[PDB]
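coords please:
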Amino acid sequence: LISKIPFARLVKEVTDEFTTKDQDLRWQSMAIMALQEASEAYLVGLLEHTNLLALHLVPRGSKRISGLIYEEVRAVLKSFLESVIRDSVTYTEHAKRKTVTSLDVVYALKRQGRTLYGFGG
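Numbers count the residues shown, from 1 in each chain. Here you go, the structure:
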């Protein structure tokens with residue numbers, strides 16, 4: 001487990017294909033932390049999003065058959081990761097840098113509609 005983390009490798013592997021643009025880029029430890037932030041962030045967002053439905057709607061917990069939630073979450077994450085690379089290469093290139101940081105990921109998440117710049121009380 002601690003010695004080896006296959007999940008990080010798998011997530012990194014998918015992302016690496018997207019980041020195949022590793023023409024000279026470099027993956028920092030933070031980059032990986034970004035993956036952790038991404039998965040948990042997506043979930044909090046999903047969980048929190050599901051909570052609002054609870055206000056008047058009743059999610060169908062049973063018979064979870066609707067375009068495979070796992071497929072959707074995965075494809076949706078893929079979109080996030082893919083966009084992240086585009087945003088990352090963009091910000092890195094903006095800074096003529098060749099490195100992936102959780103910070104750039106955060107920047108990507110921010111524009112993704114996170115933090116709401118504090119507009120949302």
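
mind checking how far the residue nearest the centre of the chain is from residue 6?
Centroid-nearest residue in the chain: residue 38, 3.7 Å away (criterion: CA atoms, centre = their mean). Counting by CB to CB, to the nearest Å, the separation of residue 38 from residue 6 is 17 Å. Where you see a C-beta, it was placed from the backbone N, CA and C, and this is true even at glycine.

The residue nearest to the centre of the chain - that's part of a helix, no?
Yes. According to DSSP: H, G, I helix; E, B strand; the rest coil, residue 38 belongs to a helix.

dump the residue contacts of it.
Residues in contact with residue 38 (CB atoms under 8 Å, 6 or more residues apart in numbering) are 77, 80-81, 84, 105, 109.

can you pick the most crowded of these?
Sorting the contacts of residue 38 by how many neighbours each has (other CB atoms under 10 Å) puts residue 105 first, at 26 neighbours.
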